[PDB]
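Structure, as structure tokens:
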Amino acid sequence: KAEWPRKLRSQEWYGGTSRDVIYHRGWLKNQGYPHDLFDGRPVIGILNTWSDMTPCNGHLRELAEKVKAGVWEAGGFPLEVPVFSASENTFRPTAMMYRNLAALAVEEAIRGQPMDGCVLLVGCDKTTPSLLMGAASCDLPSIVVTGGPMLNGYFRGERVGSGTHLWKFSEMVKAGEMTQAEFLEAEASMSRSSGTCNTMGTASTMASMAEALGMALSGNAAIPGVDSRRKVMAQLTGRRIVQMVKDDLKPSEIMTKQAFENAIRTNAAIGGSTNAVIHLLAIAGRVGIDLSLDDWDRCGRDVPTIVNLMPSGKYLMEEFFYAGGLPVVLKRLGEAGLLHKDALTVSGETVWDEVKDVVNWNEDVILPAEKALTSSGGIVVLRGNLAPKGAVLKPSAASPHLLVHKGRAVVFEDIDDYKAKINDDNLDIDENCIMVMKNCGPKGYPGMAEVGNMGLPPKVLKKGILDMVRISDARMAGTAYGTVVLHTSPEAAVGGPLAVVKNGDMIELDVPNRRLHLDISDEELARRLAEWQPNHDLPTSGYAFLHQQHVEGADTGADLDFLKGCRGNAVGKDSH
Amino acid sequence: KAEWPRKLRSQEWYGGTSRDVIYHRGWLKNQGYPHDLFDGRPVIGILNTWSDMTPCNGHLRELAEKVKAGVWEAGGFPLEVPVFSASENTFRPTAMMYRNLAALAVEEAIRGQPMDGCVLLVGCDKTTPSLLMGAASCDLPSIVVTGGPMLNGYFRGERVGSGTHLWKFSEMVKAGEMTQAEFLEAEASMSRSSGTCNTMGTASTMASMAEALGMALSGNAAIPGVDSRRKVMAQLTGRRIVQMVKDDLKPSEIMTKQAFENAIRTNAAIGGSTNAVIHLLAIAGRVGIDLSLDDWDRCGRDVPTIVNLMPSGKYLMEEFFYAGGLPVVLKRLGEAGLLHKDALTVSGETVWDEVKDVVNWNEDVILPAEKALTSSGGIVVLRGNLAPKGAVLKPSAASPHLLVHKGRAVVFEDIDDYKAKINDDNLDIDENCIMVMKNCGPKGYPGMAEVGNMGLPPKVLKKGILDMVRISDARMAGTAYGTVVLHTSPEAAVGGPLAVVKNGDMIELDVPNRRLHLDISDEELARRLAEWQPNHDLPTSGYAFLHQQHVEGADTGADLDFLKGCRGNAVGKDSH
Amino acid sequence: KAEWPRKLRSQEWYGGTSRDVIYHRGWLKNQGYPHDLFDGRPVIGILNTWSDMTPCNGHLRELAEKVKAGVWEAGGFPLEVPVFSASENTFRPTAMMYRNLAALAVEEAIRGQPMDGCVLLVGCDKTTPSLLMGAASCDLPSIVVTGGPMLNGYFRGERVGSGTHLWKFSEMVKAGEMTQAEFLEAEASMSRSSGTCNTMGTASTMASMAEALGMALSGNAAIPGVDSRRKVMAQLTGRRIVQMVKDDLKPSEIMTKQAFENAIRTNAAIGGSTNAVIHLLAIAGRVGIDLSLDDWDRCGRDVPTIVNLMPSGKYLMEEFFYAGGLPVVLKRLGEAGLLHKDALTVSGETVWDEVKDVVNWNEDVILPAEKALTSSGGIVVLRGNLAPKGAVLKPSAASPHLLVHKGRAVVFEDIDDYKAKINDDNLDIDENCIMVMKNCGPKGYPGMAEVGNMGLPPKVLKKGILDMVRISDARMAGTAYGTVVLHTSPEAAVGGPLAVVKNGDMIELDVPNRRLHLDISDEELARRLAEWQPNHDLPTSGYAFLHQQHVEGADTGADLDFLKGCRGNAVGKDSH
Ligand code: FES
Ligand code: FES
Ligand code: FES
Ligand SMILES: [Mg+2]
Ligand SMILES: [Mg+2]
Ligand SMILES: [Mg+2]
């Protein structure tokens, strides 16, 4: 470890008696700080994604105060810094488009200001990855505090998740099976405490990825946003980041290729969102680890999903927490040759040393190896002429008889074409057809929306059929079922083969052999591709234009090309 | 109703251009208020019992902000006013001693300052009664906001209440049946969100009493302190109190003898704390309603306890809430000739009009009339030479074979004598003995502590016996079982017959006939009483002295004598 | 000093593993505190008089957060506790009546809860004395944080104080010499930042008394409530109180008879409010120091008033601060044999060691000894048959030719009689008359209002006469001029000789000889006194009744009799 005492980067702002420093120090003193706070003790930036418009993060200012208390206790100097908050439930066209913008803004807010370490206060879907991406591109000691999930929803005395019962309550408000005064009580019971989606959606998955990567204190992922112990862990986190600054325990020493592999296997074990694939690839591209879609494939194999939570299962995050949460799961991976046991965490201990003594307190929700939901619930990476740079599928959430399936393509040229055609009873489609949607990726939608879980055509569900093969260049909510191929790359909008799929074309899906094949000749594919031109709207100005010019494919994390890698934390030139 | 517009009492401070008013108005303007806020619109005092030392009320400042928003929306002028917070879990000798002091301080803070209406932000045990007592002695329009109970505690995957498992975890930390690192996780799971005790203890009972008296919006009692809908109800409350000021909807028009009777029957139906007896008698003595121990007896009869919650039952407040909470219970009392249906509430509607359409969503926790826990779970008032001014007992929590019981007295001269003798194996006591404790009432303890649920002597539980008859002048937690006689009045310390009970004396308890008899001659009782002198310590100064001089007996609510009644809201003389 | 480590009184609540302690500790943990905060480190109660209805204290919650940060830094456990806030600008009949009630409530909030030390967050007039009174009756280590004065008011480009220009702007709104839109800008400029009255009124005087008694860090009195350095001093105060708990630096070791004498001389040097006499006598009666009106007389002599501030002078608190504030003044008293130099302060250093090196930066506001306003600007204590227990007068604010004056009495039987008669042109009064007002003391007004600075009769000011001798049993604002005799004791309402003064009686005022004489025979005084009966209204219930029964005279500080003295900090009996 590094020498303590030493001159930290904040002392470039706050150390000495040159005119430069009495400007910086004397200005900050107008908020009323004792002079010894500028003596070179660690200055801790608390990066807070709280916003009134990101209700998933509604309690994060209370957590900031707990962090602050911990920094004070440990003799640091805490400064809260709000950062761009990309909420999935408010941002249009899709929060995924603004993740890279939050990451840019976080990076520059870190490097450009006198902070020595970082607490990443996160919660809603895209906050966790964008803060880790921006923090990783600076490589100052950083630690994640997770907001935590909402409590269980109870409407009429039954367990309702968040986003699950969106179908029944909209179907019933129009089909007259409930009042409007009945419907307002129903909505008020789905999201009834501060916090994130309480299924194994993107928020729960990314909190789990943060803890499994070792970037948060052990136990961080599953505490309800509203439990006392979430405040406790916030204050302990504030104590810890001061020591981490002294020791210079940097993210590049935590997010090693072995830690990413631990996260991949944890994603399998928890049945986590397919969004974690895109985000971990993006975070690794900031740290500078070589991580690929193929790493997701090889490390995901033969890891049973063990947590019995919707969508894949029965319970919600509350129960996952009361059973011991993510540590119990990490133990089991360690008891099976799947965990890299000696991976360093932010506590200074190894992941195995943190988890090895925890007890599973409800085997109904953290299942024994025998009663697991799937024996290989990792994500699979399909390749072929239709996805030359790769596509992903969650086999746990699929239908056995459709894992190997060939069928004829019904094509939707974009999201509007899909909504026009799907419910139309004139559409030529049966259950062996393969639904194919284009122009839904990063550049195409724009922003790669969660439209990949296309709803089946009404004339197909009338037969009592619940699943069909669907392919697109889009994403999918962590909450989903069905045999869905996602993140098809290159996306249609950049001229990938998926752009030139026509109705009637034969498509073969072969998951056991990781194959996804468009059954046309190489000549016909070549001539269809040479004829291609970008049919979607091209922005001419604004951030939309920037994203259109610079976003990459979901196969490498869908980052902006000029933002890949780590640019360090060197202090910039002085402003006077 | 009253005339609106009109000159409200705040305009004595803030209306006109006399020097008196530009002092008052001009000073308050240093916090930055537009001038039209002083135009005579309702000035709403938000009386907040939040404190860092009353963790039951930990989230009340967040609720104050929701109330404030509602007052703003409705065109009032909101001003937060902290008031004395008597927390049962911090205050020694007992929070009951400071309830009257909080009520005094609340009363004077209302009458002495320019507020036209009151929001009573309450939660922990004694806050609800002391704020209602002080507000009732002013009779300005007032409305109660309840903090709400803590979530269910889960330690190892089983439901633990608050205060229930205090026995097992202390027994096991010393008997070595769990680590110290195991014990710290256990404690951190008993009280794991902001709020009050989540059984049918004094806090849940007094929240229910407030709603049943109609002094809070319907649905107020059972929302977890931490549920979104508790904030919603806070904001609606802030809107409503502005209209109530305009209409002059005063507490004296809500807390009618019929409303108190509705509360008494609700206490029976919910199996509520015996503390509600003392508090409702105290609140009624401020409003000026004639309510007596006998009213508790007659109105409590033949009301089954229907809510299946500890101590009397199986579940906790969370489940009571998800089933529909107190409105469901008030409906059932209305569907049975037990409710005064036309009693006015603070909403402007009648109690029956508020509840009549609500649905019971879990009959396991709000039981049908057939499966009720007791068919007459009201409280009973015992009288006799031993309690000439009355004593109370909760028959639901008693043992059938001990409802009628005569036995010989084992006397404990005070609380110290009890702890010295109870575990001593030399003590002459069997299970037919009647345990009798003195000097535990208002003047005696001092403050009437919750020591009435005396623990049995170890040599008696060795036989597998769980209950004995106990008598004292003390109180009991809302959480309790056993055949216990409470609030024996006059207390021992003021020379009531309980003072002169000696070991070996025959005592008869006869609940069906409301009898509690000390079997000695009237001559022997007279000569024992003439010999009496006050053996406990007499304070010479401080608040303890004031309480010693002026507190009355638990039979009339244990208020201070010079604080009984309503002194109105007349503006006092001007300070210059 | 005392042993550190040791078991502090909070460990009676939070130390061990008995059931008693897991109740207390486990409950407080619902706000989310790490377990080691209960390890016996100092628990610091931050007693906060903030209220939306005490605008003088409007920024005190921000200061509480600065204190909290300091307690955290020093390894204590900070808990904010709101206390009763007696604001002079809102409370009717007068905040003086509620000072003893705030002191009672503060005392019991300290002794009854698990705090080891106290930060007294104060500001508006009566907050400082009531918190010191309550804290002194417990004698736990305590330290004062002062809110600070408002900035200078500027209306039209001239310096206006707070309360000074109340005459001109009310005279002009009715005499048409300004618009109503002009008048609203004028009021908005008198009180234009958060803080207390910015003259040498009661708030500035009591802040100065706290610093001179050594109960606040040096420099505490004069920082504008709104200056950055007031937040700095709050945080330093939070650091310091943790050490003070460890060292057991108690108020009884700071408020020695020598410290009170230092305050008396400081009051003279600053030309402080006559209210400080009543409050210091009250505080000393809690500590148990023998301090008397005579101590005020002897120690006040020959101390020139040096601070050039209204009412006695030209500038306001802002300028007093920029010149060095109270330390500069304490130095000068030390450079003149007037200071007890070795008096201990809360910093651990002596008062002289704190101040001895400070520099006077504006001798226009802290005057040299030559240019002083008065050479003996202490307060004088008059005695005689008319004030047998004493009366006070500020000679600086008097008229030289009226210091020795005999005249005939014009009597006002109470405050209502005065307002009825004073402006009536039929009243038999010239400038040699001595105006005498009764029934304005503690029991009489009730509450001893600031009505002693009676306005002269219009027919007297028409001659260009600005001063007349006035006598009453009332108080006076810190802001005042004129030859006024105050705090006449015993007050009229308790049968003091002032009760039986009749029109035409000769009264002699002789300040140089400390004499105030009612020129009637001892026989006529005796028979007038035997005929006396209490003509004012007697309260029958409520706090008014309590005050009527128990308040004493202004000659001993006007405390409640049963609240005099120190009752210690012994932990009370356990509540279960
Ligand atoms: S919307 Fe924020 S967690 Fe799903
Ligand atoms: S201690 Fe506050 S609710 Fe029981
Ligand atoms: S009114 Fe609060 S300082 Fe004068
Ligand atoms: Mg999402
Ligand atoms: Mg209780
Ligand atoms: Mg004053």
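Below, all heavy atoms of this structure are taken into account, side chains as well, without hydrogens, waters or symmetry copies. When a ligand or atom number is given, it counts from 1 through the structure's own listing order. Note on naming: letters A, B, ... go to the chains in the order of the sequence lines (proteins, then strands), and numbering restarts at 1 for each one.
With hydrogens and angles ignored, the 3.5 Å screen pairs a side-chain donor or acceptor of B/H24 with a backbone N or O of C/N89.
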**Message:** If you apply the rule side-chain contact (heavy atoms from CB on, under 4.5 Å), what do you find for A/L316 with A/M200, and how did you get there?
**Reply:** CA-CA 8 Å; A/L316 300 166; A/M200 193 49 54; over 6 Å; no
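Residue B/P311 comes nearest to B/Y481 through the heavy atom pair O-CE1, 3.7 Å, listed as atom of the first residue, atom of the second, then distance. Pairing each heavy atom of C/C56 with each of B/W27, the nearest pair is SG-CD1, 3.8 Å. Closest approach of C/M150 to C/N198, counting heavy atoms only: O-CB, 3.2 Å.
In this structure B/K126 satisfies the salt bridge (charged side-chain N to carboxylate O under 4.0 Å, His left out) test together with B/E88, sequence neighbours excluded.
Of all protein atoms, those of element N, O or S that lie under 2.8 Å from the Mg ion (ligand 4) number 3.
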